[PDB]
Amino acid sequence: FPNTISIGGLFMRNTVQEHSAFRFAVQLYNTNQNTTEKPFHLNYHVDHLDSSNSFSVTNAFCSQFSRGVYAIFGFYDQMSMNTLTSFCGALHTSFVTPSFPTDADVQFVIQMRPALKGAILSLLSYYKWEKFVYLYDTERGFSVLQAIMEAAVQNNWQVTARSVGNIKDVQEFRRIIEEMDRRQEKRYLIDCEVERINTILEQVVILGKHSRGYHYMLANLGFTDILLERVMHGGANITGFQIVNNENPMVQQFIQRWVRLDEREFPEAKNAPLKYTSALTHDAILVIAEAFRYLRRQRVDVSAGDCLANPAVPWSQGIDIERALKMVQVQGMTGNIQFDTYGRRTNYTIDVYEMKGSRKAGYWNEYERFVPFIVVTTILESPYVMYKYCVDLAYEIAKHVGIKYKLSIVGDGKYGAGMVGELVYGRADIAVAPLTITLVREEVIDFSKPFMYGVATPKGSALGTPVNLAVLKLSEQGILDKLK
Amino acid sequence: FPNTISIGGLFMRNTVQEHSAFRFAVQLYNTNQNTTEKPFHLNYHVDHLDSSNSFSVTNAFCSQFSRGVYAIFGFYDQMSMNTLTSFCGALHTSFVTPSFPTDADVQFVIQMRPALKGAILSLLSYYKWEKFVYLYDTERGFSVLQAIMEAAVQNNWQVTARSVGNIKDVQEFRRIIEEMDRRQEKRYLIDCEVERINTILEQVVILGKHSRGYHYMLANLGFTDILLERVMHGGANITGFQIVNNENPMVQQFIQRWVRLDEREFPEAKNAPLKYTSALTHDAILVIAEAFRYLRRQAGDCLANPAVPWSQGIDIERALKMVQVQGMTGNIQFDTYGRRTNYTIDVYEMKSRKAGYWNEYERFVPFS
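In its metadata, the entry names cryo-EM as the structure determination method and reports 3.77 Å as the resolution.

Spelled out as structure tokens, the structure:
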């Protein structure tokens, strides 16, 4: 058993943050003082890939294999998954990847990104969803799509599935959402790359469908990276997913060190959010270290030939070393880590963050399935308000937003100068009434879209966006026109 | 220069007839004793391969390169195109592929299956289509989809573009067809593999929608393989695209010579239709022979650390990319980038009949 272990690193484009994380994690392992914790020195041979020129990928992997490595940690996408995975399988070299898990079953490759199939199916069943839309792409394998279609067949769901991977025009998304609108479909299940998720959310916000009664389910790890700033204020149910839990000791212990790292040495270290891929990279370092520590615990021999063998001369000990990376049980940043005989992660935990501010909504496990945890002002001005239109509009807005409203006549009995004064000074919350729009009033309070005028809300009030969306919906439904 | 030239073969899994046609064309090229049409003997170190295992593809290509080959002929599917095309571009080894045009500009390759997007656009313009549904597949390249999207945007058409191709159960096809029916769509543009085309046609005929007043555009070079029968019933208009003419004496001679071939020695010969891929392969042999003859008249490790290329590969590519030979598919003239330049696609309707010519410089010209 050698006293120094060298492993290779393959990083595709736009992987700077996890490159820094990989370097930081290997440094953390190396700087350990305990002999048992650091039984040997660890070296990392980093490289880069293009994922488009297969010759470049083959040359990089060939250099890594020839120069001599014991394990290869790296990423891959749909373009270069087959090449690297097949070479690793043929060469009997363990390949640790935090990339998307391979839909097909391939040996000698370990993939640490937990599958969303179980959690997504359990949550979908838990919400009593029966008819919905399924927007997807195909850059993370076909596991999710196949599972969703099979579940729909078994449970007689009404799943309208659309692929948006090939879409390059936003107007395509706009037409798709308008079509699902005319079909009245309200529940969406989006599982795409963060970029396409952001584009779809931007398009739907522009069209104005982020209101109560519309659900969303971003079935994609990396809830933080999603630009959901606008949609939150729309008051539309959103269900996300995340693996790392902040409050556990491990994440805090890591991040405390991480925030203080050099910016030049570690790009996107201090000033970037910790993407879950970085967490999985840290877990990769932990699992490799534990596996090799276990190897040295026993007397297993570990010890590189031509790049392309005729027909094949895989060094035997590889089958042993791969087996070592299958029974590992170290509790890393993401939580429990355990690998099935094939390589896919098992016994994992998923945290289902639900929006409404972000708040946890239980958790999902392979064994336990899913376990969860106003004043209105009006002026007594006929015919808008008469002692027994504006009352009907207020009731319609409350219904469309679901808020409990209590009507009242402004004490001053006069317009702003006052009702607007009542809003500004902090009382009466919302206010719906005939208010002539003047540039001065925008300084103090925020209006809604004109409906003949506009509903009034205090500046910065959380109800401004919901009331604006409700007014827009009423205007486009023709009810506002019908009332007059 | 040398009396013998050895080419390499990289036939796919389901290409038995193409293999037989390749061997037959090799025999034709090596049998003429003219001393001018055949100044260099030809040999083929054909090697089979399978997709889904890039290791096998790379190892086979490396072995072929090591054996020493002036030019390589072979097919590639969407899931192995990158490896072969990129190796050939990097190693300066000309690749002749009668499979499908590449979706992007790549040097050091010769795609012959002519791009049919232009003919599709021209014929759609001629027919005055503005409300046609689109059912595309991703197993043949993204060029057609992008071209049709651009045309729809520019020409202000509206097209419903479903994403068939990931569908493994016919119930989804039934749902798609009935949903388009609810939209009263009456014109279809289907771009998928032959098996998917057959499945869609079977589903639509099962739904009894093949009646008159509907037009299916079968945008696939393979027309004979498609089961048009049972769809001509009901008077449903259908249009195809076939490049192999069956009138000129060249194809008649090639057919009459083809049937006599032994079934055992040459499987799928004299007992099956002439897949256009086989004709393209014969044209491949013709063009390779012509380029090598013109060049005459006028080795190492694949994964080399510095990736040093050939000293004469560029000459071979230049010789290949310029040719004006005549084969079954028509006149074979390649553009700078490896695609053909005079498609002469023949448009067939359903009644059957030849309808179109579509020389790229010209436009669609119906026969009166």
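Moving on, there is more to tell.
Another point: the nonpolar core. Ranked by size, the top nonpolar core spans 54 residues in total, and within it B:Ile120, B:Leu124, B:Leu189, B:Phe241 and B:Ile345 carry the most contacts. Among the elements that make up this core, the one with the highest residue count is helix α9 (residues 276–297) of chain B (seven residues). Apart from residues lying up to four places away in sequence, B:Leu189 is in contact with B:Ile120, B:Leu124, B:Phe132, B:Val133, B:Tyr134, B:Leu135, B:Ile148, B:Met217 and B:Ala219. Listed in part, the 34 residues of the second largest apolar core include A:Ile7, A:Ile321, A:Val330 and A:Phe339.

Take the sheet that holds strand β8 (residues 188–191) of chain A next. Residue and element names in this part refer to chain A. Read across the sheet, three strands follow the order β7-β6-β8 without closing on themselves; strand pairing throughout is parallel. Either end of the sheet is taken by a strand with one partner, and the two such strands are β7 (158–163) and β8. Put simply, the sheet's adjacent strands are angled 20° from each other on average, direction ignored. Pairing between strand β6 (residues 131–136) and β8: four bridges, direction parallel. Bridge assignment links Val133 to a residue of β8, and that residue is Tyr188. Its contacts with the sheet place helix α6 (residues 170–182) against β6, β7 and β8, and it is angled at close to 170° to β7.

This brings us to the packing of helix α2 (residues 54–67) of chain A against helix α3 (residues 81–91) of chain A. Residues and elements named next belong to chain A. The N-to-C vectors of α2 and α3 enclose an angle of 30°; their axes lie 10 Å apart at closest approach. The angle between the axes of α2 and α3 places the two elements in the roughly parallel class. For the pair α2 and α3, the sense of crossing is right-handed. Here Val57, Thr58, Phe61 and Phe65 of α2 lie close against α3, whose contacting residues are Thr83, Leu84, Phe87, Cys88 and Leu91. Of the residues that constitute the contact of α2 with α3, the class distribution is seven nonpolar, two polar and no charged.

Attention shifts here to the sheet that holds strand β1 (residues 4–11) of chain A. Residues and elements named next belong to chain A. Taking strand neighbours across the sheet as the criterion, the five strands line up as β2-β1-β3-β4-β5 in an open arrangement whose pairing is parallel. Lying at the two open borders of the sheet, with one neighbouring strand each, are β2 (41–48) and β5 (109–111). Shown here is a sheet whose adjacent strand axes are inclined to one another by a mean of 20°, direction ignored. The pairing of strand β4 (residues 95–97) with β5 spans three bridges and is parallel. Along β5, the bridge assignment pairs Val96 with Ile110.

Basis of the calculations
Residues numbered from 1 in each chain as written, not as in the entry; some residues may be left out. Chains lettered and ligands numbered in written order. Heavy atoms only, no water. Residues with missing side-chain atoms left out of burial classes, pairs and counts. Core = buried A, V, L, I, M, F, W, Y, C linked by side-chain atoms within 4.5 Å. Buried < 20%, exposed > 50% of the residue type's maximum accessible area, 1.4 Å probe, protein only. Helix = DSSP H or I, 4+ residues; strand = E, 2+ residues; numbered from the N terminus. Contact = heavy atoms within 4.5 Å. Pairing = 2+ DSSP bridges. Axes fitted to C-alpha atoms, helices over the stretch in contact; angles between N-to-C directions. Parallel < 35°, antiparallel > 145°, perpendicular 65-115°, else oblique. Left-handed = near helix turned anticlockwise from the far one by under 90°. Nonpolar A, V, L, I, M, F, W, Y, C, P; charged D, E, K, R; others polar.

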